[PDB]
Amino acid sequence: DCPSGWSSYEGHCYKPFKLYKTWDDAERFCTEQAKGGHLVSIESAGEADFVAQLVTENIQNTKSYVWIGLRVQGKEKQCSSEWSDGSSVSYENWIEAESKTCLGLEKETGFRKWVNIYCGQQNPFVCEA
């Protein structure tokens, strides 16, 4: 059934938020919206369709990405041990925002494609319980 405000799809409840937050504030925010709440996880094409549809009709005029729950867990700028010449990787000089280890959907690709983006960005999202 799902609570007023949430929409149902094969056993789960979803709710889009046109709120701008970092991946971490979003995920935490989602946990506070429902028991067992998290940023939306997409485990099938049918579910991906259902999410794209929800985003299309509810998150507009934001010119941003839409947070999904898939990301690299740690805070590393990367997970590469050596350069192509075999030498070890020590020195590193990343622009904070150039390390894109979080995923978000975008209007351009019909909110059906996962784009690598900086977790520090402040984008809208969708929660799922």
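All residue numbers are counted from 1 along the displayed sequence.
- When 69 to 77 is weighed against 55 to 63, 55 to 63 comes out higher, by mean CA B-factor as recorded in the entry.
- Annotation for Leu19: CA B-factor lies in the highest third of the chain's modelled residues.
- Compared with the other modelled residues of the chain, the Cα B-factor recorded for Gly46 ranks in the lowest third.
- Among all modelled residues in its chain, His38 ranks in the lowest third by Cα B-factor.
- The deposited CA B-factor of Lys113 belongs to the middle third of values across its chain.
- In this PDB entry, the Cα temperature factor of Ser88 sits in the top third of its chain's modelled residues, the highest group.
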